[PDB]
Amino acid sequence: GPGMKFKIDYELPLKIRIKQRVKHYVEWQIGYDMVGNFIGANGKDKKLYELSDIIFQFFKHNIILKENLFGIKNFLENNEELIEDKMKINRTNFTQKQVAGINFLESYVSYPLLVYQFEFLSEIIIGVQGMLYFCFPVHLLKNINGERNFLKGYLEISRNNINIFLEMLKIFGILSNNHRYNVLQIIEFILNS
């Protein structure tokens, strides 16, 4: 349907990993671009993909207002608090530890992780790099025919859950400087188009 009736049945092959803690969920290492619509932070030909493809279509069908994209743009342009700079890896001081009578020095390396709850949730784990994972129960997916008969999958996106992907784009925009630059280029492309 057009306008507010617009939906996307996103095909998900079964970057996709299936794990379990009804406890089984989809682990989607979702991206926003692909190697053209804009110039990435690395200076390569980048085009819209996945997350940005979803936002562009729902903006094209007038479900996402341009005022929302303007607010996200100004938020990402004005913000200086980035997740990569706020997530610090900690290393403890070496302490004496004996195993099997052998004297070792023991230290712990702690890697932070962030959980954003939207039932959906986003997880950011950790040279090193931060990796974003969009997670949701697997029984939410419709089969190839079009019914949740799992308890290829298809994730239904509509006006009732598009805000999950707008929030996820905003989170990407504060993950790192490279992501902040790329997301700003994507929002500029969507607003101009």
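One rule holds for the numbers: they count along the sequence shown, beginning at 1.
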- Message: So, looking at the entry's B-factor column for Cα atoms, which has the higher mean, 42 to 50 or 58 to 66?
- Response: 42 to 50
- Assert higher mean C-alpha B factor (67 to 75 or 108 to 116, deposited values) equals 67 to 75
- Query: Between 128, 164, 157, 125, where does the Cα B-factor run highest in the record?
  - Reply: 128
- Per the PDB entry, which option out of 35, 135, 168, 30 has the greatest Cα B factor? 35
- Item | CA B-factor placement of residue 183, once the chain's modelled residues are sorted into thirds | lowest
